[PDB]
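Let me begin by presenting the structure, written as structure tokens, before commenting on it.
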Protein chains: 6
Amino acid sequence: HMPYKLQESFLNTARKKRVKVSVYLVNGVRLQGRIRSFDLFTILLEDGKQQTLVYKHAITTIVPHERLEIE
Amino acid sequence: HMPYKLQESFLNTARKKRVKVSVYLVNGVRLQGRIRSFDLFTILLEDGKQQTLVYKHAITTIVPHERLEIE
Amino acid sequence: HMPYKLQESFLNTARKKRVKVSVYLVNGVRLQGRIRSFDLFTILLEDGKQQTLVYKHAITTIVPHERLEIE
Amino acid sequence: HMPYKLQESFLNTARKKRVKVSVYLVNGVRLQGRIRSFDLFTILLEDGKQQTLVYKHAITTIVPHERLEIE
Amino acid sequence: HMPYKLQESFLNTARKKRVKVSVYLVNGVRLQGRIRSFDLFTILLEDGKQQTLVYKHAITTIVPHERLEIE
Amino acid sequence: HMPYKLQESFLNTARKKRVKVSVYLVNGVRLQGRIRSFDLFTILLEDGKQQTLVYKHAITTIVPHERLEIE
């Protein structure tokens with residue numbers, strides 16, 4: 001009866017499967033790309049050549065463009 | 001006289017009973033779906049086929065569409 | 001010279017005395033109801049039949065509709 | 001060379017001296033009253049008969065209506 | 001290879017050198033004054049006679065009006 | 001299988017390589033400069049002569065103007 005690590009499993013599955021995601025921000029901006037890397041407080045998006053470091057505290061939702069079978 | 005774990009009991013009861021919820025965000029967006037999973041900082045909503053990872057820091061309120069008898 | 005637990009005493013007194021409250025949110029929404037339950041990060045409002053889980057991080061102020069003699 | 005407890009000394013001095021304050025919120029609302037009580041995360045304002053529990057995370061600034069000689 | 005205490009050194013240098021600063025808030029308000037005191041979560045601004053306690057969580061940026069040679 | 005320190009490696013690589021960055025804030029403001037220094041909660045931007053202390057809690061995204069080969 002231990003809590004599964006939902007956030008880490010979601011982010012790592014999207015990362016490993018190179019699934020494109022939409023990342024929505026508190027101010028209404030929507031980013032798109034792949035999750036190249038993440039850690040406790042940030043996510044590194046990559047879209048083609050561009051890198052964007054996203055602070056999780058600024059994210060409202062992440063919507064994957066393919067269904068994740070969360071590992 | 002110990003504090004009951006309100007948040008976890010609310011989320012887990014909604015999850016186990018597959019109760020549809022409305023999740024309101026700080027920016028006025030309202031999401032709807034079932035709570036498939038949650039952890040300390042996030043909630044995984046599911047509406048039919050779509051998955052949405054929601055950061056709790058972006059939520060104002062959660063309103064269940066059926067009364068929860070909180071376990 | 002120890003700090004009194006103001007937040008917990010306020011919330012628990014409103015809860016035990018079933019005092020109606022107004023809960024104001026960061027986005028200008030005002031909720032009304034009784035505090036049925038609370039924990040470290042959330043408050044369960046009840047208004048007649050409706051339940052609402054409120055995240056404290058989204059609250060600006062709580063105004064009780066009767067004066068609380070804080071226990 | 002230890003850090004002085006600025007927040008606690010400011011709040012406690014305003015409280016003990018019953019100095020009226022203006023409390024500004026992140027959404028532009030300005031509250032006025034005396035600090036009757038405070039703890040780690042909240043401040044209890046009182047204006048005549050009305051009580052208001054204010055969450056510190058919603059405050060931008062506190063401006064005292066008399067100069068505080070911070071104790 | 002230890003991390004330098006940037007925030008504390010910046011704030012303490014501005015304080016000790018009595019450098020006027022601009023403090024910008026999340027809601028677009030700009031405050032001006034000297035940093036008289038600070039602690040983990042707050043900054044005490046002073047402009048002539050007026051005191052203002054500023055919560056760091058409400059600050060976006062601090063811009064010093066003279067270049068700081070950070071100690 | 002340990003988590004790489006993404007945020008620190010991103011910030012330190014931008015700092016050491018003196019790469020110009022765009023820092024976007026929760027309120028829509030965009031800052032530009034080099035990361036001269038950072039710590040757990042703040043980033044010191046420098047643009048020519050001007051210094052700006054940025055609180056990370058106010059940042060949504062950081063976009064480097066050159067691709068970082070994150071060290």
Side-chain angles (χ1 to χ4, degrees), chain A residues 1-26 30-47 51-71, chain B residues 5 7-16 21 23 25-26 31 33-47 49-59 62, chain C residues 39-42 53 55 57, chain F residues 1-13 38 40-41 56-57 59-62 68 70-71:
Chain A
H1 292 268
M2 300 201 55
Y4 298 166
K5 302 178 176 65
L6 167 65
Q7 183 183 176
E8 302 93 326
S9 301
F10 180 103
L11 296 175
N12 207 29
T13 299
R15 180 189 70 88
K16 290 178 170 184
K17 301 295 181 166
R18 301 197 63 248
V19 175
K20 183 168 189 175
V21 301
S22 289
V23 178
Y24 294 87
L25 307 185
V26 290
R30 182 193 73 202
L31 314 172
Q32 292 193 356
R34 290 181 177 99
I35 297 170
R36 180 69 185 273
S37 185
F38 65 95
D39 68 357
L40 183 55
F41 293 115
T42 63
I43 295 167
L44 181 67
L45 288 181
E46 280 187 338
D47 190 52
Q51 301 164 308
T52 303
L53 190 75
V54 186
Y55 279 87
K56 291 177 182 183
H57 60 244
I59 301 176
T60 62
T61 55
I62 304 177
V63 177
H65 295 196
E66 305 175 77
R67 182 167 178 87
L68 303 178
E69 312 298 337
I70 293 186
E71 309 169 69
Chain B
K5 302 178 176 65
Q7 183 183 176
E8 302 93 326
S9 301
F10 180 103
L11 296 175
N12 207 29
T13 299
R15 180 189 70 88
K16 290 178 170 184
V21 301
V23 178
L25 307 185
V26 290
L31 314 172
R34 290 181 177 99
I35 297 170
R36 180 69 185 273
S37 185
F38 65 95
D39 68 357
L40 183 55
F41 293 115
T42 63
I43 295 167
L44 181 67
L45 288 181
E46 280 187 338
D47 190 52
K49 9 238 109 276
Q50 187 191 341
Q51 301 164 308
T52 303
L53 190 75
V54 186
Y55 279 87
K56 291 177 182 183
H57 60 244
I59 301 176
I62 304 177
Chain C
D39 68 357
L40 183 55
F41 293 115
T42 63
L53 190 75
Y55 279 87
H57 60 244
Chain F
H1 292 268
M2 300 201 55
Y4 298 166
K5 302 178 176 65
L6 167 65
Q7 183 183 176
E8 302 93 326
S9 301
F10 180 103
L11 296 175
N12 207 29
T13 299
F38 65 95
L40 183 55
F41 293 115
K56 291 177 182 183
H57 60 244
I59 301 176
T60 62
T61 55
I62 304 177
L68 303 178
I70 293 186
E71 309 169 69

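Both backbone and side-chain heavy atoms feed into the values below; hydrogens, waters and symmetry mates do not. Here is how names work: the chains are called A, B, and so on, in the same order as the sequence lines, proteins then strands, and each is numbered from 1.
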Where is the tightest heavy-atom contact between [X] and [Y], given as atom of each residue plus distance?
| X | Y | result |
| --- | --- | --- |
| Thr52(B) | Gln50(B) | OG1-NE2, 3.3 Å |
| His57(B) | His57(A) | NE2-O, 3.5 Å |
| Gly33(B) | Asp47(B) | CA-OD1, 4.2 Å |

For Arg18(A), salt bridge (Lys or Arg N to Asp or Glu O under 4.0 Å) partners two or more places apart: none
Short N-O contact, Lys20(A) and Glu46(A), less than 4.0 angstrom: no
If we only count heavy atoms from C-beta on, is the [X] to [Y] side-chain gap below 4.5 Å?
| X | Y | answer |
| --- | --- | --- |
| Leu44(A) | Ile70(F) | yes |
| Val54(A) | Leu25(A) | yes |
| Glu69(A) | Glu71(A) | no |
| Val63(A) | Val21(A) | no |

Distance, nearest 0.5 Å, that separates [atom1] of [X] from [atom2] of [Y]:
| X | Y | atom1 | atom2 | value |
| --- | --- | --- | --- | --- |
| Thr61(A) | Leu31(B) | OG1 | CG | 6.5 Å |
| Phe10(F) | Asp39(A) | CZ | CG | 11.5 Å |
| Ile43(B) | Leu53(B) | CD1 | CG | 9.5 Å |
| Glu66(A) | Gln51(B) | CD | CD | 11.0 Å |

Expected output: side-chain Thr60(F) to main-chain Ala58(A) donor-acceptor under 3.5 Å: no
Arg67(A) side chain vs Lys49(B) backbone, donor-acceptor pair below 3.5 Å: yes
side-chain contact (heavy atoms from CB on, under 4.5 Å) against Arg15(A), all qualifying residues, sequence neighbours excluded: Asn12(A), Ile35(A), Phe38(A)
Step-by-step side-chain contact (heavy atoms from CB on, under 4.5 Å) determination, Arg36(A) to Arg34(A): CA-CA 6 Å; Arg36(A) 180 69 185 273; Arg34(A) 290 181 177 99; over 6 Å; no
Working for side-chain contact (heavy atoms from CB on, under 4.5 Å), residues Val26(A) and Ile59(A): CA-CA 6 Å; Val26(A) 290; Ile59(A) 301 176; over 6 Å; no
Return all side-chain donor-acceptor pairs below 3.5 angstrom for residues 2-9 of chain A, not counting sequence neighbours, or 'none' if the list is empty.
unit_1, atom_1, unit_2, atom_2, d
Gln7(A), OE1, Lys56(A), NZ, 2.7
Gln7(A), OE1, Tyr55(B), OH, 2.7
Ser9(A), OG, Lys5(A), O, 2.8

